[PDB]
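Trainee: An experimental structure, sequence included, is below.
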Amino acid sequence: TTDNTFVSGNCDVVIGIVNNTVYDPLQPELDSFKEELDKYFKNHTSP
Amino acid sequence: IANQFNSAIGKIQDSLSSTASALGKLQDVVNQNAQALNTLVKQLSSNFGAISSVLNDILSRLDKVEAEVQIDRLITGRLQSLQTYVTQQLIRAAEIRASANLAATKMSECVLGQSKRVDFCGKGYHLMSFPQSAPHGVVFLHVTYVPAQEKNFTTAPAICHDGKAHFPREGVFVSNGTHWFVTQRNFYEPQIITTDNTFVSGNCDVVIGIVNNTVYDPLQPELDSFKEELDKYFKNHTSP
Amino acid sequence: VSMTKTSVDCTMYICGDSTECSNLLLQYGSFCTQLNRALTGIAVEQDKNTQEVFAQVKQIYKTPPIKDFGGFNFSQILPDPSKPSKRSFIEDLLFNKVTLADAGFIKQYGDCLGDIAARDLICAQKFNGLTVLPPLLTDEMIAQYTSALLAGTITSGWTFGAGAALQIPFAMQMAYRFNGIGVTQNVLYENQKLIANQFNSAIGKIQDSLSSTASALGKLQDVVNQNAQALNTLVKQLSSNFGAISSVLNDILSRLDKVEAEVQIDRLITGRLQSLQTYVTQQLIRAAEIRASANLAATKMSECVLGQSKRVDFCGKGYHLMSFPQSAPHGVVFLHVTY
Amino acid sequence: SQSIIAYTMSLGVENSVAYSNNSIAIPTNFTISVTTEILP
Ligand SMILES: *[C@@H]1O[C@H](CO)[C@@H](O[C@@H]2O[C@H](CO)[C@@H](O[C@H]3O[C@H](CO)[C@@H](O)[C@H](O)[C@@H]3O)[C@H](O)[C@H]2NC(C)=O)[C@H](O)[C@H]1NC(C)=O
Ligand SMILES: *[C@@H]1O[C@H](CO)[C@@H](O[C@@H]2O[C@H](CO)[C@@H](O[C@H]3O[C@H](CO)[C@@H](O)[C@H](O)[C@@H]3O)[C@H](O)[C@H]2NC(C)=O)[C@H](O)[C@H]1NC(C)=O
Ligand SMILES: *[C@@H]1O[C@H](CO)[C@@H](O[C@@H]2O[C@H](CO)[C@@H](O[C@H]3O[C@H](CO)[C@@H](O)[C@H](O)[C@@H]3O)[C@H](O)[C@H]2NC(C)=O)[C@H](O)[C@H]1NC(C)=O
Ligand SMILES: *[C@@H]1O[C@H](CO)[C@@H](O[C@@H]2O[C@H](CO)[C@@H](O[C@H]3O[C@H](CO)[C@@H](O)[C@H](O)[C@@H]3O)[C@H](O)[C@H]2NC(C)=O)[C@H](O)[C@H]1NC(C)=O
Ligand SMILES: *[C@@H]1O[C@H](CO)[C@@H](O[C@@H]2O[C@H](CO)[C@@H](O[C@H]3O[C@H](CO)[C@@H](O)[C@H](O)[C@@H]3O)[C@H](O)[C@H]2NC(C)=O)[C@H](O)[C@H]1NC(C)=O
Ligand SMILES: *[C@@H]1O[C@H](CO)[C@@H](O[C@@H]2O[C@H](CO)[C@@H](O[C@H]3O[C@H](CO)[C@@H](O)[C@H](O)[C@@H]3O)[C@H](O)[C@H]2NC(C)=O)[C@H](O)[C@H]1NC(C)=O
Ligand SMILES: *[C@@H]1O[C@H](CO[C@@H]2O[C@@H](C)[C@@H](O)[C@@H](O)[C@@H]2O)[C@@H](O[C@@H]2O[C@H](CO)[C@@H](O)[C@H](O)[C@H]2NC(C)=O)[C@H](O)[C@H]1NC(C)=O
Ligand SMILES: *[C@@H]1O[C@H](CO)[C@@H](O)[C@H](O)[C@H]1NC(C)=O
Ligand SMILES: *[C@@H]1O[C@H](CO)[C@@H](O)[C@H](O)[C@H]1NC(C)=O
Ligand SMILES: *[C@@H]1O[C@H](CO)[C@@H](O)[C@H](O)[C@H]1NC(C)=O
Ligand SMILES: *[C@@H]1O[C@H](CO)[C@@H](O)[C@H](O)[C@H]1NC(C)=O
């Protein structure tokens, strides 16, 4: 994760680097807020 | 910290202006070389069983043949007096060497650096040291942080909050008996227990002595103020 | 940490109860004062070495009566009230496993004439003018300094070395240790019963090992044997003629006139004075090794007991957590605890 | 009114530490100490 790791530079310079995902814990904490906002906007179409 | 340092350098200056015996480490090393030489001069008064200790008195009062028998005694005795002095000086030199290698190690590790070695660069936690010359030696003024005015607190190895168990990232948990905080280990500066101050591992069934307190998430009031912003914006959008 | 302090009466060794020999010995000048002074210098230094190794605390820490150390069982290395000196269980093995030739504690003659004189050699050393002097800190006061260091260590972590003793729960001290070896403190708490049961079992292996094999304490026993062999050798040299008519000072005086006796006596004076100068040189060279060992032991007391060491292989094999000092005859045993 | 006394030496002042499975002491303040050390 972004808490467990730090970033410097691009992937070209590091000998032996591997591709893998690095998870951001802020993303799904805001994605439930996107699904909350989406259901709130769609509910505001009903009255 | 500057006033305490400036005052402590003042106490060194007054202490060195007052007592004699503190430099005994160096004065004894001068006294031992002086005593060894005074003793080696005194041995020129011993007869060693010759008719006289004075070499000219032997050579002037006796002819060649019995003079060799008297002089050989003074040679044999004096030569053992030199071998005693030189053996003793090699053993002292071996001590002074060990003290010089210790002093070179303290110059490297206390002056040119900072030491994690307990009680090596003086008593207390080492900050830095200043070398000073002295006759046949070195004086180190070690500067050390000593923790001074302790208070008791209740403590716990971990906090349980959201069923999960939390531990300090650095420092320790404390309570005044009503609230809980993290603080750094070596100085009391309490802070609210948070998801930045602490790291999470496992559930709170396994940790002996874990305690219940809230662990604050500093992102929650960012999103919740952004929710009261969004709620007033939705409420307003009912009006036009 | 130390060795037996010895004083040798140079006049009584060379010239035992003869004034004829004493008046000849004065012709050799200040040598007996140099010998007395050198052995005094060694004897003073054995207390200094013991102060530097054990007296690293100005306060004597007493352990609480309750033993709530998070499951770690120090009862083998803490004192017990049941014994008339406050030694631990492991220290009472150490004081039995090194045989101590002459402690110096009062030869009242009722112990040193008669039946015992036909089997004890220490009385012959004493009667020839060789005397072993007691340490300033007896095995009770060394046990109290070791108790205070250990009580401070299990109750207060490293802080009693830096300043005041600040209490901390033992399972939190062990967590501060784990963070010191780069292992995250949750690894202690998620395994605390295992880590305690392993420490308790490892202290059990120390107890059984010390109960079983002799050779491990050879580091201390051979320091006692060297000082004992050096003094037995110095007593044996009183049997040598050095080319005189006799090994016995009274026999030479029982049979020769003043002018001829002095030529036999000064042979024994010259040979015995070499025999002392060999012994004193050898003891100064031994003292220089024991000193280096006492400075190493003082450095391990400071860095392994009063602290936690990042220095590889200095405080035991493995990553250092903590160490517990234990007293021994002329020595210190460190129980290094390592991850 | 002065003379040679003789005594068993004190090792240091006795100081039992206030231990508990849940008690910690933390320093609210510090003193910078300067100490001289002298080596031949
Ligand atoms: C890890 O993943 C990377 C992207 O997911 C990947 O990089 C991609 O590599 C390919 C092949 O080198 C590139 O394809 C381009 O190749 C040349 C130009 O360089 C052209 O002929 C092609 O038409 C095409 O443009 C991708 O553009 C490149 N993309 C990225 C984002 O890097 C790495 O190769 C992967 N690493 C490993 C070890 O497989
Ligand atoms: C344990 O630590 C707590 C945090 O420092 C402390 O609680 C805090 O106490 C102060 C008062 O001493 C409160 O300050 C407020 O007090 C009144 C409230 O009406 C106001 O007039 C003041 O302006 C000020 O706002 C803090 O609000 C309070 N914090 C909390 C979260 O309650 C405890 O007192 C400490 N307990 C002990 C036993 O020492
Ligand atoms: C710390 O806070 C915890 C959460 O509030 C609290 O845990 C709760 O403890 C009670 C009592 O042990 C549990 O109640 C259940 O107990 C048994 C089943 O285990 C049943 O007889 C009961 O009907 C009931 O189901 C709660 O389930 C438990 N909650 C959770 C989420 O585990 C701790 O007790 C608190 N501890 C301290 C020292 O404050
Ligand atoms: C801390 O570790 C100690 C060493 O293992 C342990 O002491 C030992 O305790 C056992 C159990 O009582 C003793 O075993 C004897 O116990 C009774 C004596 O009447 C008998 O029923 C048994 O057959 C057996 O003879 C050990 O002898 C004893 N060892 C010593 C040196 O005292 C402590 O109990 C441990 N304490 C904790 C809190 O774990
Ligand atoms: C990490 O290493 C530990 C050893 O240092 C190991 O602990 C040992 O675990 C086994 C079980 O896996 C226990 O075995 C005994 O269990 C009972 C008696 O209590 C008996 O039924 C068994 O026949 C056997 O005698 C050991 O007692 C236990 N040792 C200790 C000191 O507790 C851990 O299992 C290892 N952990 C991991 C995660 O690998
Ligand atoms: C941390 O310890 C400090 C001592 O090393 C302490 O500083 C001392 O604070 C007192 C006041 O609380 C000062 O007392 C003097 O104040 C004036 C003169 O400046 C006079 O009117 C008073 O009669 C009295 O003599 C000390 O001079 C001061 N010492 C230093 C070196 O600054 C701190 O207060 C302590 N800090 C905390 C947070 O406890
Ligand atoms: C830290 O606590 C110890 C002992 O525990 C406390 O004992 C009560 C006084 C009360 O505060 C309890 O809630 C605590 O558990 C204090 O040690 C005592 O100090 C006094 C002198 O001030 C002394 O007469 C007692 O014999 C001590 N008792 C023990 C058990 O050692 C200590 O003073 C506290 N530290 C600070 C800085 O306040
Ligand atoms: C590791 O060595 C192998 C050959 O044994 C090679 O194919 C591979 O590319 C090397 N990887 C790196 C990161 O150097
Ligand atoms: C939709 O909004 C109305 C209020 O305007 C509320 O009564 C209703 O329960 C909402 N439904 C959902 C699914 O949020
Ligand atoms: C601490 O000790 C007390 C008994 O004095 C006990 O009641 C309590 O449960 C213990 N807590 C821990 C975490 O060991
Ligand atoms: C409501 O939205 C309109 C946008 O036309 C704006 O003029 C008005 O000031 C808003 N009121 C609040 C309370 O945001």
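Mentor: Cool, got the structure. Numbering: from 1, shown residues only, chains lettered A, B, ... in the order given. Ligands and ions are numbered 1, 2, ... in the order given.
Trainee: ok, the closest residue to residue C:256 other than its chain neighbours to residue C:255 distance?
Mentor: Distances taken as C-beta to C-beta, 6 or more residues apart in numbering or on different chains place residue C:264 nearest to residue C:256, at 6.3 Å, with adjacent residues excluded. C-beta here means a position set from N, CA and C on the backbone, and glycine is covered the same way. Remark: distance between residue C:264 and residue C:255 (C-beta to C-beta, to the nearest Å) = 9 Å.
Trainee: Look at these two and report which has more neighbours.
Mentor: Shown here are residue C:264 and residue C:255; by other C-beta atoms under 10 Å in any protein chain shown, residue C:264 has more neighbours (20 against 12).
Trainee: measure that one to residue B:167 for me?
Mentor: Note on residue C:264: its distance to residue B:167, by C-beta to C-beta, is 85 Å.
Trainee: and the helix or strand harbouring residue C:332, is it in reach of chain B?
Mentor: Using DSSP states H and E, residue C:332 falls within strand C:331-338. No - figure legend: strand C:331-338 not in contact with chain B (C-beta under 8 Å from any C-beta of the partner chain); closest approach 14.5 Å.
Trainee: CA atoms only: put that strand into CSV for me.
Mentor: In CSV, the C-alpha atoms belonging to strand C:331-338 read as follows (Å, rounded to 0.1, in the frame of the first residue of the first chain):
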residue,chain,number,x,y,z
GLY,C,331,34.4,-13.2,38.2
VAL,C,332,31.2,-12.3,36.5
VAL,C,333,28.9,-14.6,34.5
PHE,C,334,26.6,-12.8,32.0
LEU,C,335,23.4,-14.6,31.0
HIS,C,336,22.9,-13.0,27.5
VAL,C,337,19.3,-13.3,26.2
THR,C,338,19.1,-13.1,22.4
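Trainee: And the helices in chain A?
Mentor: Remark: helices assigned in chain A by DSSP state H are A:26-43.
Trainee: cool, and chain C?
Mentor: Along chain C, counting by DSSP H, helices occupy C:10-15, C:19-25, C:31-54, C:89-97, C:122-127, C:139-156, C:159-162, C:170-180, C:186-189, C:192-210, C:218-236, C:249-255, C:258-300.
Trainee: how far is the third one from where the chain is centred?
Mentor: Translated: helix C:31-54. 13 Å (C-alpha atoms, centre = their mean, to the nearest Å).
Trainee: Show me what it is packed up against.
Mentor: Counting contacts by 3 or more C-beta pairs under 8 Å, 6 or more residues apart in numbering or on different chains; DSSP states H and E, helix C:31-54 packs against helix B:64-106, strand C:5-8, helix C:10-15, helix C:139-156, helix C:258-300.
Trainee: Which elements pack onto the shortest one?
Mentor: It stands for strand C:5-8. helix C:31-54, strand C:130-133, helix C:218-236, helix C:258-300.
Trainee: Okay, now the sheet partners of it, with direction.
Mentor: Here strand C:5-8 has these sheet partners by DSSP bridges: strand C:130-133 (antiparallel).
Trainee: May I see the buried residues of the strand it pairs with?
Mentor: C:130-133 (16 or more other C-beta atoms under 10 Å in any protein chain shown).
Trainee: who are the neighbours in contact with residue C:267?
Mentor: Applying C-beta atoms under 8 Å, 6 or more residues apart in numbering or on different chains, we find residue C:267 in contact with C:241-244.
Trainee: how about the closest residue to ligand 3 within chain D, phi and psi?
Mentor: For chain D, the residue closest to ligand 3 is residue D:22, as judged by C-beta to the nearest ligand atom, at 12.4 Å. Per-residue torsions, residue D:22: phi -140, psi 10 (degrees, to the nearest 10).
Trainee: How many residues are close by the closest residue to ligand 3 within chain C?
Mentor: In chain C, the residue that lies nearest ligand 3 is residue C:189 (16.0 Å; C-beta to the nearest ligand atom). For residue C:189, the neighbour count with other C-beta under 10 Å is 25.
Trainee: ok, now how distant is the residue nearest to it when sequence neighbours are not counted from residue B:175?
Mentor: Leaving aside its chain neighbours, residue C:189 sits nearest to residue B:207 (4.6 Å; criterion: C-beta to C-beta, 6+ apart). Distance, residue B:207 to residue B:175, by C-beta to C-beta: 17 Å.
Trainee: List the contacts of residue C:70.
Mentor: Contact analysis of residue C:70 by C-beta under 8 Å, 6+ apart lists B:208, C:169-171, C:174, C:192, C:196, D:21.
Trainee: Quick check on it: phi, psi?
Mentor: The phi/psi pair for residue C:70 (degrees, to the nearest 10) reads phi 60, psi 20.
Trainee: How about the residues of the stretch 101-250 of chain C by chain B?
Mentor: C:158-159, C:161-164, C:166-169, C:171-172, C:175-176, C:184-186, C:189-190, C:192-193.
Trainee: Out of those, which end up buried?
Mentor: For those, buried by 16+ other C-beta under 10 Å: C:158-159, C:161-164, C:166-169, C:171-172, C:175-176, C:185-186, C:189-190, C:192.
Trainee: before we move on, the earlier item: I figured the residue of chain D closest to ligand 3 hits residue C:170, correct?
Mentor: No - using C-beta atoms under 8 Å, residue D:22 is not in contact with residue C:170; the gap is 11.4 Å.
Trainee: Looking at the two, which has the bigger crowd around it?
Mentor: residue C:170 (22 against 15).
Trainee: OK, contacts around the more buried one?
Mentor: Contacts for residue C:170 (C-beta under 8 Å, 6+ apart) come out as C:69-70, C:72, C:154.
Trainee: now swap in residue C:174 and tell me
Mentor: The neighbours of residue C:174, taking C-beta under 8 Å, 6+ apart as the test, are C:70, C:72, C:188, C:195, C:321.
Trainee: distance of it from chain A?
Mentor: Distance of residue C:174 to chain A, computed by C-beta to the nearest C-beta, to the nearest Å: 25 Å.
Trainee: wait, doesn't residue C:331 sit right on residue C:1?
Mentor: Yes - the criterion here is C-beta under 8 Å, and residue C:331 meets it with residue C:1 at 5.1 Å.
Trainee: Would you mind giving both backbone torsions of residue D:30?
Mentor: Torsion angles at residue D:30 (phi, psi; degrees, to the nearest 10) stand at phi -140, psi 160.
Trainee: Just list whatever residues bridge to it.
Mentor: When bridges are called by DSSP bridges, residue D:30 pairs up with residue B:147.
Trainee: ok, now which ones touch it?
Mentor: B:145-148, B:187.
Trainee: Farthest pair within the residues you listed?
Mentor: Greatest spatial distance among these (C-beta to C-beta): B:146 and B:187, at 11.9 Å.
Trainee: Between the two, point out the one with more neighbours.
Mentor: The residue with more neighbours, out of residue B:146 and residue B:187, is residue B:146; 17 against 14, by other C-beta under 10 Å.
Trainee: Could you check how far the more buried one is from chain C?
Mentor: As defined by C-beta to the nearest C-beta, residue B:146 lies at a distance of 5 Å from chain C.
Trainee: Against ligand 4, how distant is that residue?
Mentor: 36 Å (C-beta to the nearest ligand atom, to the nearest Å).
Trainee: Same check on residue C:125?
Mentor: 39 Å.
Trainee: What about that residue, how many residues nearby?
Mentor: 21.
Trainee: State whether residue D:26 is indeed within a strand.
Mentor: Yes - assessed with DSSP: H, G, I helix; E, B strand; the rest coil, residue D:26 lies in a strand.
Trainee: Skipping its backbone neighbours, what lies nearest it in space?
Mentor: Residue nearest to residue D:26 in three dimensions, not counting chain neighbours: residue B:188, with 4.6 Å by C-beta to C-beta, 6+ apart.
Trainee: and residue D:35, which of the three is it?
Mentor: In three-state terms, and counting by three-state DSSP, residue D:35 is strand.
Trainee: Any idea how many residues pack against it?
Mentor: A total of 18 residues lie near residue D:35 under the criterion other C-beta under 10 Å.
Trainee: what does residue C:115 give?
Mentor: That count, for residue C:115 with other C-beta under 10 Å as the rule, works out to 7.
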